[PDB]
Amino acid sequence: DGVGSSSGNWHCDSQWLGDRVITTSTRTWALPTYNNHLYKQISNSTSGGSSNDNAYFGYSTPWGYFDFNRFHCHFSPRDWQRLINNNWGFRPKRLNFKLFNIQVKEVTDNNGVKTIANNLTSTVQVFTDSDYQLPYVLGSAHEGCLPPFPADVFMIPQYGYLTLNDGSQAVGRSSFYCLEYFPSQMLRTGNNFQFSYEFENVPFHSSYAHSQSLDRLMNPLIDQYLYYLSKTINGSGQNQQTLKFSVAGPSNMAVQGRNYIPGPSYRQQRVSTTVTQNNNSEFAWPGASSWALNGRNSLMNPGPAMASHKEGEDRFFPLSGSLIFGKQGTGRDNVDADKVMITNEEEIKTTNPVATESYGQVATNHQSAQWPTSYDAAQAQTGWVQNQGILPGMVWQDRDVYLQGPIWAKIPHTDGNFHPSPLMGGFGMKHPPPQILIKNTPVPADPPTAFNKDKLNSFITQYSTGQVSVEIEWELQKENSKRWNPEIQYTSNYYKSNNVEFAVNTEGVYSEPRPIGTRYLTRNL
Amino acid sequence: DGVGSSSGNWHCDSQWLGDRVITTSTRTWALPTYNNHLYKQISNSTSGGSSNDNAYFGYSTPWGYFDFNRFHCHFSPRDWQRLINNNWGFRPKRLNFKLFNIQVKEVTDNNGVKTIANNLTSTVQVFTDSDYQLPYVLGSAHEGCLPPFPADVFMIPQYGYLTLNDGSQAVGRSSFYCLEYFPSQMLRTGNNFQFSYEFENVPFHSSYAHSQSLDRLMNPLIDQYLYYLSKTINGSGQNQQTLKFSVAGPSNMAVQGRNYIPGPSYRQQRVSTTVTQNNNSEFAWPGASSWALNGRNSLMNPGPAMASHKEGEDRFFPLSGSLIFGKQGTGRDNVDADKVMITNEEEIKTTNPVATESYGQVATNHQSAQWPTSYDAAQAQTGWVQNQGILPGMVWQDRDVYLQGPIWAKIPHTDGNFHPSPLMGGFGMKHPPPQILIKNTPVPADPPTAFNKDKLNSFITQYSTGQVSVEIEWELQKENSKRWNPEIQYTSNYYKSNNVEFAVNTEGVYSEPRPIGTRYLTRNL
Amino acid sequence: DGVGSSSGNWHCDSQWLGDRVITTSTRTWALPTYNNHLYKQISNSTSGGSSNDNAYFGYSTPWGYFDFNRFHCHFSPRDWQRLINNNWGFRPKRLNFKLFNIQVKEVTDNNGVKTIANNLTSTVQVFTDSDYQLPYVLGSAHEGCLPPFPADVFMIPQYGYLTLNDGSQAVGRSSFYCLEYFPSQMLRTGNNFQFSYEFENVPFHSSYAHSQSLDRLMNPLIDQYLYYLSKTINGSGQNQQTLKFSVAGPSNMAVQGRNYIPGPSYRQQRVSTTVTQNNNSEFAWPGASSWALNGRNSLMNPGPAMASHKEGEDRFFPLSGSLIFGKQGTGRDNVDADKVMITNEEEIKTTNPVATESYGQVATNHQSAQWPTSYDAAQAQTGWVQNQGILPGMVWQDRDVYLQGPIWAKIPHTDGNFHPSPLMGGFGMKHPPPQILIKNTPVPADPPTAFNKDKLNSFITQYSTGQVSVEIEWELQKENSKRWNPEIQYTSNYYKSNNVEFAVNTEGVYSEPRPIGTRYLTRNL
Amino acid sequence: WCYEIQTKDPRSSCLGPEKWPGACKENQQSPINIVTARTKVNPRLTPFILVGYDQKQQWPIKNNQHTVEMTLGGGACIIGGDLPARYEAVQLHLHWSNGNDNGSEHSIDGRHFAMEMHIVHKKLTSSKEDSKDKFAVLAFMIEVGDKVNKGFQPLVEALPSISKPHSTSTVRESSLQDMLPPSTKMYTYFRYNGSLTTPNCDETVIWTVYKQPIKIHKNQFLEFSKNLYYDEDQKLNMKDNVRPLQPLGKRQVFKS
Ligand SMILES: [Zn+2]
């Protein structure tokens, strides 16, 4: 080690190993002291009034943490494209991480003359939540990840967590965590850190779209050996009761016996991009589909994976059923549609119900005649199914993943769960990549010349910077399709533009012009 | 030996062992040319131009395929009786498919006179889709199977498939499959074909009926150590409230505590075989219960497995919740009820809810006195549950299989599924028996003496015939019941009958008098 | 052997190891003859033609059986405290049962002198249904268990069972079982019996509560990179629709995107212990929430595990969604709340929906405007979800167990089930501990001197006593929590009292003053 | 088999109300004159609790030849009043005339109304019993010619689709609450044991008839008679499908 010696050599490249591909990324990461050096009780109260549904309580830790739970932190636009134009499936298998070339500096705003000098003798405290003993906040799609553009410098987000809350108050069951109550590595400028992790077995992500629909799997030339009720009345009129039966065939695919049915559903309000056909009313929250917990409602944000809209319904989108990303430079509040990128899951319409339609219809009575009393003459009545739970024989696809989307999530530690694929998309894991917490060490700075039991406070201003390196191994699923006609592929467009898509501008600013999925290749059901 | 020797013997038999039964079957088939040797695109606009619910887009191929996905193709009525009266469970284990005694013939039918000769040359191509790269149409209950009666000669059905469609139009995602893009074997007279397939791990089919009901598993002599709310308002009638509790016991089984609940449900309309108590209106489709996919509706044909009707209500049947077979010689359009055989599932009424009844009741508000709040008050209200999903602790039975019913089905290749047992009955497999595609090799007539350029459309008229054998080993699950009293068994009736059931009549026409299930033996829950 | 020689020692104790604890219990029992040595048909009619919902058909056998399917039969209150205060989980592993020190008795009830003596040459029969060929009645929370007080002497309950029934009538499918049709050991005063059983693999019971809520898993300081629909109208006026989007951040946690959702639900009516605010109506059964089976209604008892009430409203409890135990001395009919102990499951509010509230809200229409057909212009409409089945991404906890609650249950033998954790709590097992049947061998009285065909009906009056021992090893799941602040622990209260909790009174009567769950320690989600 | 208006032509020989078969010739039938002087107030009578009457859904509307009956499906039960356990709505028909003078079914103090609406509720569970109290029907009077109420508008819109007898259609979308008087007015009613207003009368109905009639526009009332017919040919309308009044007998009518 030693100041006059680095501890890392820029590693960023990517290598495709046929059925696999190794991604490597390196980045600089500036880290401030954060909340001085103290933990801070936070709560709905601290934030303010929030809301019953926005009520909380937890703690702001003076620590920071690294994050790369976004495909763009590992795959380049060209990288993705390929992956998606050539594989039916993909999944992470491992990860290797390294921090190095760390430099800690002290700042001295000499009466307006802020002066940065190197504190060669200082340290950053780093550790991983490998035993998963701390609140896991890496599965909440927050900012603070390694930027997609390698040349970009990053700031490292601050770690904070929530616990049980009664309004803005805590309960006895609430827990407090101290990260200093964990063993941690201390690094001087000559030192570095590294660790490796094995992804638990996860299902390949479906990077394809079906070329068939659940309701169209039969032979369009052969009849079924099954019959269906065709008529209930002779017709003419008056006591026409009858029971006619017919064979189901190519002419009436709708009534044919089937072995499997579409996945479950939770209806979402439909919203048109054309704000003239919508409705002159504030319905964002009022018309939102939601769920409740201990007297607190939470928007069904991603919700179950459901087709975003019917064929041609493009302009429509479920109130809260799709992932919406902000375009480069987009503001934080009340921005127009033209500032955001709304994803869609049309591909899964082959097996999943439309998010803004009922699952189907069900009988609600017993049709009858005046055969008993002259009453009881009830006509067959049916009702619409707004939300349908899991049923045997159901099949479904999960939500697609995106270059700018999340990669993994931690499955909640509970007695029971079902199909734990993270609803925002990606791979669910009981033991996902552990959190890597990092925080400099507070310099005690000036102390008094007479004993002071009061804990220290003046601490000398400092900040730290260096380089992080994450490598992830992704196993790939090749395709052996016999499709004759060419497949649909993602390609850039030749048409003379002002700036290359996914590149920097005259001001050196990067831009991801559109979200990119993974479902371009096709396969049968 | 070529053109002079046999490519096979007849076999076609059944060997029963202790815990196994291998069935063997051989039949005589005939293959026409199909599509005049050509591929053609098919759509509702081409055929019917029907409503959107029945719109479709696909392709018709000049290929045929072998179908033996029905029990009567392998089990004799007798064989079937032995099976169902002595085994609690069963499942397929392996298969041996073979083709032979191939004979290709030409057809003169010239100037009026029609003649037939053999083309000792000529070829029939055969190949299995062991890689499952072609659309699978064997799980759609189609006609074209090996005749139940061994003496019957059958014609191979034509292979066709459906892909994505928008109305009658196709989309860029639609796939065109060419069967000639698959390697295949060609066969002259004297050549034979053979392949073996091992069945996947499937659960034994439940060939039994429960001797107990989910709601009657308690000891009828002992009380519970649990209490239930018995009374609430000391009668009277002014402002009197109370909470009285009582022990749940033999006298009030209805309120006893329970560990398991009945399986899920999807209400169906109730239809009576006695057309008088039905209703003087057309409701076949209006009240049929269905589901939707990308804007298209499809009936809930044999949807979830539910008890066909309440005890002693055989006259009733769910609109589209049961399997309906056609009697021998029955027509295909608007036949009477006496011409079809409607199956039922009353055996599963011990664990599955009745198909034509609501699952149960559920509270829909908060009952309170007026004083609470002010002067509102509210009475306890409940609502019917028409469709109930899957809940923890649920228990259910699957659809029964029949001698004329399907055997297996291919589980759709999707990200997720639940209990992938085919809704029409049988065994669901990710890799079921591969499709066996078959075709006569086109033989050009006489080409011009001057080079043309275009494809040949002049061909010799030919067809092929031969024998086919299929052998399947089935594993058996025996019974070790301690039931003292005798059990119900499937039996023929001794009463005189113009004809013997499951036999040919004076004209040599084989017929199956009734559907035969598999649930006659009983065991406790 | 024979008399003069003890057959077994006492053995009653607990042994705590690191990850294991073995409990040992021994008790004194007494066994009468029962149905005068006869099997008898019983039914709703037999009892008193009970309600349709309460109709049943079955048999009563002169056999008794051993029941120790309760936690207090093995764990002392003291022992229970150590188990729940130091372990995050636990599960049964193996067991050994022993019957010993038989001793029967003659009881010559002469005139008034019932004169009891010993019949040394008498026999007791005992057998285990290790093959599970008999109706299993141990999963029905019946009385007759080994007394919690190791000093109380108890009477063996009589074994009875139910089969299929149509009203009070039986069907051909109904089964009759004769227990003498089983090999059984015969014991005299000098004989003993013993058997060992290994528990199937079951999940550890969750003996902890969550310190986080499913809707509070995000970093309270970092914003998300996902947007949500914030506004739909620019303001009041008229035609002014719009689409405004905002970043979901800490200030608006309610609308944040999430990967996992709360478990399913089946709404129950809410009841207040304060009988002034409930209602002046009888709604125990009218508004109870239930399910139907073959035309018979059965109350949804504990039903799905759902939080008993919203944080704070402890006075409320679901009509039939909680376990209610009777206090010592409490009668069986119409007892007051003060006589019973009502359990709750507030601990699961972190992941499970509140039992007496809707799961959430779902859209029900397509908001529309005054476009072509301006008379339309719909409005965002939503509907309440009272029963929600399973959906992918759902997580939940199971119902807690109790010192006075059941331990295990037999999973119904069916084709399908979901998350078969017994709804009343415990471990579900396909092959749970076998039932242990026991019976006094009949001793004919003086027969006639001339041969008679009739079966004997005169028998020497007899009854048996003796000791029983049961040992169970339990696996323990230690906790390695990093929580700083102390945890909640079960503890006795120092404040003076007339008696000691969990002890006997001046009349030697033992009592359990309250139910004790197991969820004291905490863990993150 | 037939109403008195129908048996007016030499042909179409059917049985009029004076010759109705079955148990329609007895003491308790249904249509009685309700004298408010002779009724006695019953304190137990309380306004019904209408659960499921606020939901909006499509309803099957059909020309039952004798009247227009609308299937109410499920989830519209009634638990209020002095009904034995509870009753679930199954059907909704109505009777009218050519003017608000001829009358419609029940009469209060000898006063008739333009139209009478019969919302019939079947007993929820009960048992396989032949006993009475099998139906609890609600009777609402209709007589006004001033203002149009949107509650009956979808019904009038659907009326032309079922012009011919034995024809079926569907109401677009409506709620049972909209077709009822305001809840502040549904406080006073009468209870009497009637059998049935249609042939083959069975004494199994409670007949809770409300005061305070409902108000609909005169155009809707005219459309009711104009868009419906008795026979297959559009010749004979559906004016007077009303059963003549029947003697009260010894039955005692109570008042809420
Ligand atoms: Zn009427």
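Residues displayed in chain D correspond, in order, to Swiss-Prot positions 22-277.
Any Cβ shown, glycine's included, is placed from N, Cα and C.
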- Item | Same-site residue for Zn(2+) (record: Swiss-Prot; known: D:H114, D:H116; options: D:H133, D:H139, D:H142) | D:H139
- Going by Swiss-Prot, which one of D:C35, D:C45 is joined to D:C222 by a disulfide bond? D:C45
- Setting D:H114, D:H116, D:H139 aside, what same-chain residues sit with their Cβ within 8 Å of the center of the Cβ atoms that define the Zn(2+) site, listed in sequence order? D:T88, D:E90, D:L113, D:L115, D:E126, D:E137, D:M138, D:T218
- Query: Pick from D:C23, D:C35, D:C45, D:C222: which of these disulfide-bonded residues has the biggest number of other Cβ atoms within 10 Å of its Cβ?
  - Reply: D:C222
- Of D:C23, D:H114, D:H116, D:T218, D:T219, the recorded positions whose C-beta sits under 8 angstroms from some chain A C-beta are D:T219
- Note on the structure: Spacing of the two Cα atoms, D:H139 (Zn(2+) binding site) and D:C35 (disulfide bond), in whole angstrom, works out to 25
- Query: Taking D:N123, D:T218, D:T219 as the recorded positions to compare, which has the smallest set of other Cβ atoms within 10 Å?
  - Reply: D:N123
- Give the subset of the recorded positions D:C35, D:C45, D:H87, D:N214, D:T218 lying near ligand 1, defined as CB under 6 A from any of its atoms. D:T218
- D:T218 (substrate binding site) and D:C35 (disulfide bond), distance between Cα atoms, whole Å: 18
- Message: Going by Cα-Cα distance, which of the recorded positions (D:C45, D:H116, D:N123, D:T219) sits nearest to D:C23 (disulfide bond)?
- Response: D:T219
- Query: D:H87 (active site, proton donor/acceptor) has how many other Cβ neighbours within 10 Å of its own Cβ?
  - Reply: 20
- Item | Residues that sit under 8 angstroms from D:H114 (Zn(2+) binding site) by C-beta distance, when 6+ apart in the chain | D:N85, D:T88, D:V89, D:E90, D:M91, D:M138, D:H139, D:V141
- Query: Of the recorded positions listed here (D:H87, D:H116, D:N123), which is spatially closest to D:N214 (N-linked glycosylation site) when Cα positions are compared?
  - Reply: D:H116
- Query: Is any of the recorded positions D:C45, D:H87, D:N123 within 10 Å of D:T218 (substrate binding site) (Cα-Cα), and if so, which, in sequence order?
  - Reply: D:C45
- Item | Local Cβ density at D:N214 (N-linked glycosylation site) - other Cβ atoms counted within 10 Å | 19
- Item | Spatial neighbour of D:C45 (disulfide bond) that is closest, considering only the recorded positions D:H87, D:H116, D:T219 and their CA atoms | D:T219
- Sequence-ordered recorded positions within 10 Å (Cα) of D:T219 (substrate binding site), taken from D:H87, D:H116, D:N123, are D:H87
- Integer Cα-Cα distance in angstrom, D:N123 (N-linked glycosylation site) to D:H116 (Zn(2+) binding site): 11
- Task: Compute the C-alpha separation of D:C222 (disulfide bond) from D:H87 (active site, proton donor/acceptor), stating it in Å without decimals.
- Result: 15
